[PDB]
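Structural characterization, general
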Number of protein chains: 2
Amino acid sequence: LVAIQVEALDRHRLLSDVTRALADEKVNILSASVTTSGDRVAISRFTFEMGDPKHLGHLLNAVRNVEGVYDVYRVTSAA
Amino acid sequence: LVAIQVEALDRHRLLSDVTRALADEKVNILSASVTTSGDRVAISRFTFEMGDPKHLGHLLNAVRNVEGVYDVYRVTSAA
């Protein structure tokens, strides 16, 4: 049940890009939500289950190739 | 700042599909978040500003054609 925070420029295409990029593999997410940080910054948050390290590993690296996305950080912390 | 509650099966694919429709019509979304209501049901929330009712009206009807989505309800707050 590890979450993921995808940071990207505040746009209307970047969001669909992240959702689409991950959707390409029908990655069933337990929770998807995006909120604007300040102004030109869009912070997305995807909560899903884990299984294969190759997919979770390639996922992060893949997001890096997403033009406009700052970086990705696995959200979780204590509880 | 009206919101929208889209109920659909717990699948990110549904969220991405709904987001695609929004961007397709230049629908600038301020924010969004979906959570699993029970088991095979996920409540998706979307916050976006609008002015024309024809677009907001057609959007709801369009969402109905989204395979997996039970129904949509305009979310709002007061005070």
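Residues numbered from 1 in each chain as written, not as in the entry; some residues may be left out. Chains lettered and ligands numbered in written order. Heavy atoms only, no water.

Solution NMR is the method the PDB entry lists for this structure.

**Examining the packing of helix α1 (residues 13-23) of chain A against helix α1 (residues 12-24) of chain B**
What counts, and what does not: Axis definition: a line fitted to C-alpha atoms, limited for helices to the stretch in contact. Angles are taken between N-to-C directions and run from 0 to 180 degrees. Only runs of H or I of at least four residues qualify as helices and only runs of E of at least two qualify as strands under DSSP, and these elements are numbered from the N terminus. Roughly parallel means an angle under 35 degrees; roughly antiparallel means over 145; roughly perpendicular covers 65 to 115; every other angle is labelled oblique. With the far helix as reference, a near helix turned anticlockwise by less than a right angle produces a left-handed crossing, and one turned clockwise produces a right-handed crossing. Contact definition: two residues touch when any of their heavy atoms are within 4.5 Å.
Across the interface, α1(A) lies against α1(B) with an axial gap of 9 Å and an inter-helix angle of 140°. Taken together, the axis directions place α1(A) and α1(B) in an arrangement best described as oblique. In terms of crossing hand, the pair formed by α1(A) and α1(B) is left-handed. For the pair formed by α1(A) and α1(B), the contact residues are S16(A), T19(A), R20(A), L22(A) and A23(A) on the first element and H12(B), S16(B), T19(B), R20(B) and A23(B) on the second.

**A look at α1(B)**
What counts, and what does not: Here the expected span of a helix is defined as 1.5 Å times the quantity of residues minus one. With a 1.4 Å probe rolled over the protein chains alone, any residue whose accessible area is under 20% of its type maximum counts as buried; one over 50% counts as exposed, and the rest are partly exposed.
In this model α1(B) runs 18 Å from its N-terminal to its C-terminal C-alpha over 13 residues, within 8% of the 18 Å that 1.5 Å per residue would give. Among the residues of α1(B), those classed as buried are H12(B), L14(B), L15(B), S16(B), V18(B), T19(B) and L22(B). Among the structural elements, α1 and β2 (31-36) of chain A together with β1 (3-8), β2 (29-36), β3 (42-48) and α2 (53-64) of chain B are those in contact with the buried residues of α1(B). Two residues or fewer after α1(B) comes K26(B), characterised by a positive phi angle close to 55°.

**Some points on the interface of chain A and chain B**
As a reminder, the rule being used: Salt bridges are defined by distance alone: a side-chain nitrogen of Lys or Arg within 4 Å of a carboxyl oxygen of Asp or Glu. Whenever a nitrogen or oxygen atom comes within 3.5 Å of another N or O atom, the pair is scored as a polar contact, on the condition that within protein one atom can donate a hydrogen and the other can accept it, and that pairs from neighbouring residues in sequence are kept only if both atoms are in side chains. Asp, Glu, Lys and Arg are counted as charged, while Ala, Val, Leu, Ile, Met, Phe, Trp, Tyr, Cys and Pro are counted as nonpolar; the rest, among them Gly, fall into the polar class. At least two bridges found by DSSP between two strands are what make those strands a pair.
At the junction of the two partners, chain A supplies 17 residues and chain B supplies 16 residues. The tally of links from chain A across to chain B stands at zero salt bridges. There are six residue pairs in polar contact connecting chain A and chain B. Elements that contribute at least two residues to the side of chain A that touches chain B include exactly α1 and β2 of chain A. Per-element accounting of the side of chain A that touches chain B gives the leading share, six residues, to β2(A). Residue classes in the side of chain A that touches chain B are distributed as seven nonpolar, eight polar and two charged. Here four bridges tie β2(A) to β2(B), and the two strands are oriented antiparallel to one another. The partner of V34(A) across the bridge, within β2(B), is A32(B).

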